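# Descriptive analysis of the structure
These are the residues of each chain, in order.
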Amino acid sequence: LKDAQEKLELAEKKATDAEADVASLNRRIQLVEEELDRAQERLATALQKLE
Amino acid sequence: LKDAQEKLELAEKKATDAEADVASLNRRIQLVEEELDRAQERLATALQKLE
Amino acid sequence: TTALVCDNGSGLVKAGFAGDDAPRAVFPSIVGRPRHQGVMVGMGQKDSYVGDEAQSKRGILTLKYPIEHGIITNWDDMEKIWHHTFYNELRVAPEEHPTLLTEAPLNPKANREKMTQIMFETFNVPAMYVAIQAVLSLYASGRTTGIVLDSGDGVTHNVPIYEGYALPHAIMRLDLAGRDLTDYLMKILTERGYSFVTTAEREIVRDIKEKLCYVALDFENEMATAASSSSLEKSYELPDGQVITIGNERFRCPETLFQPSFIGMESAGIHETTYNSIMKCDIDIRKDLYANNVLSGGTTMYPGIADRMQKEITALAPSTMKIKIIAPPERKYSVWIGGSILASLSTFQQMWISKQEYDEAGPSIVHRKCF
Amino acid sequence: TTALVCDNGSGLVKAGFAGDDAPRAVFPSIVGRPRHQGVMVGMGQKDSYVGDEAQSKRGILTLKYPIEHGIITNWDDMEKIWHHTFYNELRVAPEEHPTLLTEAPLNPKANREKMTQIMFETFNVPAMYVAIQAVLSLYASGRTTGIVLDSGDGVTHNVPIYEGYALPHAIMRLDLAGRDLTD
Ligand SMILES: Nc1ncnc2c1ncn2[C@@H]1O[C@H](COP(=O)(O)OP(=O)(O)O)[C@@H](O)[C@H]1O
Ligand SMILES: Nc1ncnc2c1ncn2[C@@H]1O[C@H](COP(=O)(O)OP(=O)(O)O)[C@@H](O)[C@H]1O
Ligand SMILES: [Mg+2]
Ligand SMILES: [Mg+2]
C-alpha cells in the first residue's frame, strides 16, 4: 500500500537514525570506558599516596 | 503488493534491529556512566584522606 | 490464576495480563455517540462507539473523554469503557481474575470508592487493588529510591520516595498535562490560519503535537533562530491533503510545561516543582533524590526534554550535587510495566482486597489498611 | 578464654577483646525506628536500625539515644544495642566470655543492678564485672596517682586517686558534656 509504503520507508529511516544514535552511544561507551580505566589507575595512585 | 510486502517486511526488520541496538547501547551507556560516577566518589574519598 | 493489570489513565487505556513486558491492548478512552440523523436502514448502526473503533468513525461522532483530570466525571461512560476493555480487547471474563487499577495521587475519595464499588458489584471480580501511579513507575525502573515525575495526559504529579518509604508531605500535584498542551497548540495554530474547532479535529491536533513538537534546549535562542532562518518549518499532511507548515509553534507548544504562565496557570513549571518537591524532603536524602530523578508518563516523550530539565535543575540545585535524569526508552508504558511487576510478586499476593472483606466493611474498605 | 571489654558509654559504644590496643568495633549508640509509611513491598524493611546502620538511613529515621546522662532511661533499646554489639559487631556468643562493663561514678544503684541482671539472665554470660570509668583511664596512662577528668559525651566526672587509694569524698560529677555542647 502507498501509505504503508511511506510508513515502512519512514520506519526504516527511523531505524537508521536510531543507528546513528547507536554510533554516538558507542562513542560515549568507549570514551567512558577510557574514563573508567583512568579512574581505576588514578584511584590506585591516590590510595598509594595515602599510604 | 508483493513489492510492498517485501518493502514492509524489510523496513520492519530494520526498525526492530535499530530499536534493539539503541536500547542495549542505552543500557551500556547507563553502566559506563555508573562506572564514572562511582569512581568519582572514590576520588572524593581519596582527596579527603590525603588532605 | 493470572491477574489483570488494568491502568485507566486519561487518554489511553493500557491493559494486559500480569507478567508480560507490554500491555496487550492499548486504545484511546473515548466514547462517541453519533450526532447526525442517519438515513440508511439496516446498516447496523450502534448507539455508542468506544475505544479504537471511534477513532475511525470520528468524522460523524462527538468524542468525549470520560476522565477529565485524573478524576472520573461520567461514570456510565467509564463503566462502558471498562466493559469493552474486559470483554472485547482481552476476552476474559472478570469473574475469574484479580484486577489492579491505578489512581493518581491526591484524588477525591469518592472516585476511588465508586471505582471499587463498580468493580465488585457490576463486573464482580474476585479481588481488586488500587495503587498510586508513581510507585509503579518507580518499580519499572528497578530502583528503590528516587523522585518520579509522571507527566501523564490528565495530570502531572511528582512523588518522591526514599528506601521504599514514601514521603506523603512532599507530593506536588499539578494539573497541567498533555491535554492542556493539545488545547494550547490548537489555540496557537490559529496564528497562521488553520482553525480546528470540532472535537474530532482535536485528535488531528494531537497527532500534529506528537509527530512534530519538540522541547527547546534554550527558549530565547530558538525564538530568535526561528524568526530569521527557515530551517525549522516542518510540513504535515492533513487527513485530506492541504499540507500545513508549522513554524515556531513547534517548540512553543511544549514550552508550556516549563512556563505555565502561557496558558494562564500561576504555578511554576515542571522544572521547578521537582526542585520544590525535593527541598521539602529531609536534608540527608536530597543527594540521592538529586541523583535518581525519574521521568515517566507519555508527555515526557518530547524529543529533547531530558536535557532541558537537567539543565534547569542544575541551574537551580547546588553546584556540588550531581543531577541525573533517568529517561528509559519505554517511558509510555512504564507505569504498566511496574504494575505487572508488582502484581507478579509473591509478597504482594496477600494485599488484595478480597470480596468477603468488602462485603463486611462496604466500599470504604479501600481507605483502610488494604490501601 | 578471652574477656570481652565492653564500654557502654553514651554516644559511642566501644568494644573489643581484652589484650589489644584499640576497640574492635566503635559505632554510635542510637536506635531509630522509621517514621514514614513505606510503599515498596518486599523491600525487607526492618522495624529498628541500630548502631552504625542508622547513621546511613538517618534521613527517614527518628534516632534516639538510650542513655541520657550516664544512666540508662530505656532498657529495651539498651538490650537491643547490647545484642547487636555481641552478635553482629564481634560475632562471639556471650555464653563463653566474661564481660567488663563500665559505669560513671555516683550513678543510681538500680541502673547497675539492672545491668548485671540483664547480663546474667538474657545474655547469660559466665561472669561480669563493673568498673568506674575513671580508674581505667588512669590505668591506661600507666600512672598510679593523679586526678583524672573524664569529660565524656554524657557526663563529666573528676575522680582523684593517690597511690591506688581512691578518695570517695572528693569526686565531683558534673552533668555538662558533649551532648549539651552539641545542643
Ligand atoms: N511520542 C509522543 N510524543 C509527544 N507526546 C506524546 C507522545 N505519545 C503520547 N504523547 C502525549 O501523551 C498522552 C498520552 O499519555 P499517557 O501516558 O497515555 O497518559 P495516561 O497516564 O493517562 O496513560 C497523549 O495524549 C499525547 O498527548
Ligand atoms: N575529635 C573530636 N573533637 C571534638 N569533639 C569530639 C571529637 N570526637 C568526639 N567528640 C565528642 O565526644 C563525644 C564522644 O565521646 P565519648 O568519649 O565517645 O563518650 P563516651 O564516654 O560515652 O564514650 C562525641 O559526642 C563528640 O561530641
Ligand atoms: Mg499515567
Ligand atoms: Mg567515657
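Residues numbered from 1 in each chain as written, not as in the entry; some residues may be left out. Chains lettered and ligands numbered in written order. Part of a larger assembly, values for the part shown. Heavy atoms only, no water.

Structure determination for this PDB entry was carried out by cryo-EM, with a resolution of 5.4 Å recorded in the header.

What follows covers the domain arrangement of chain C. Residue and element names in this part refer to chain C. Here the domain parsing of chain C yields domain 1 (4–137 + 333–360) and domain 2 (178–256). Computed over C-alpha atoms only, the centres of domain 1 and domain 2 are separated by 31 Å. Contacts between the two partners involve ten residues from domain 1, matched on the other side by nine residues from domain 2. Carbon and sulfur atoms supply 41% of the area that domain 1 and domain 2 bury against each other, a total of about 780 Å² over both sides. Considering only the side of domain 1, the residues that lose the most area to domain 2 are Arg58, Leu63 and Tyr65, jointly responsible for 57% of the buried surface there. At the junction of domain 1 with domain 2, the criterion picks out four residue pairs in polar contact. Along the lines of polarity and charge, the residues of the side of domain 1 that touches domain 2 split into three nonpolar, four polar and three charged. (Domains from an automatic or database assignment. Contact = heavy atoms within 4.5 Å. Buried area = accessible area lost by both parts, 1.4 Å probe. Polar contact = N/O pair within 3.5 Å; in protein donor to acceptor, adjacent residues only side chain to side chain. Nonpolar A, V, L, I, M, F, W, Y, C, P; charged D, E, K, R; others polar.)

Moving on, we come to the site of ligand 1. All names here are of chain C. Not every one of the 15 residues close to ligand 1 is listed here, only the nearest: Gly9, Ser10, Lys14, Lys209 and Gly298. A distance of 2.3 Å is found between an oxygen atom of ligand 1 and a backbone nitrogen or oxygen belonging to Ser10. Between ligand 1 and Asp153 there is a distance of 3.4 Å, counted from an oxygen atom to a backbone nitrogen or oxygen. In the complex, 91% of the free accessible area of ligand 1, which totals 580 Å², lies under the protein chains. Tallying contributions element by element places helix 5 (residues 201–212) first for the shell around ligand 1, with three residues. Here the shell around ligand 1 gathers at least three residues from each of two domains, domain 1 (4–137 + 333–360) and domain 2 (178–256). (Near = heavy atom within 4 Å. Areas by Shrake-Rupley, 256 points an atom, 1.4 Å probe, with all protein chains shown as cover. Helix = DSSP H or I, 4+ residues; strand = E, 2+ residues; numbered from the N terminus.)

Below, the discussion takes up the arrangement of the chains. Comparison of the three pairs of chains in contact shows the highest number of contacts for chains A and B. In this view chain B stays clear of chain D, with the nearest C-alpha atoms of the two still 16 Å from each other.

Attention now goes to a negative patch on the surface. On the surface, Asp3, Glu6 and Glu9 of chain A together with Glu237 and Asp240 of chain C cluster together to form a negatively charged patch. Per-element tally for the negative patch: the top contributor is helix 1 (residues 2–50) of chain A, with three residues. Secondary-structure assignment places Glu6 of chain A in helix 1. For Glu6 of chain A, a relative accessible area of 42% gives the class partly exposed. (Patch = residues over 30% accessible without salt bridge, like charges linked within 9 Å, V, L, I, M, F, W, Y side chains within 5 Å. Salt bridge = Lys/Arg side-chain N within 4 Å of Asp/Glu carboxyl O. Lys, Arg positive; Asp, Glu negative; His and termini not counted. Charge placed at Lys NZ, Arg CZ, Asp CG, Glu CD. Buried < 20%, exposed > 50% of the residue type's maximum accessible area, 1.4 Å probe, protein only.)

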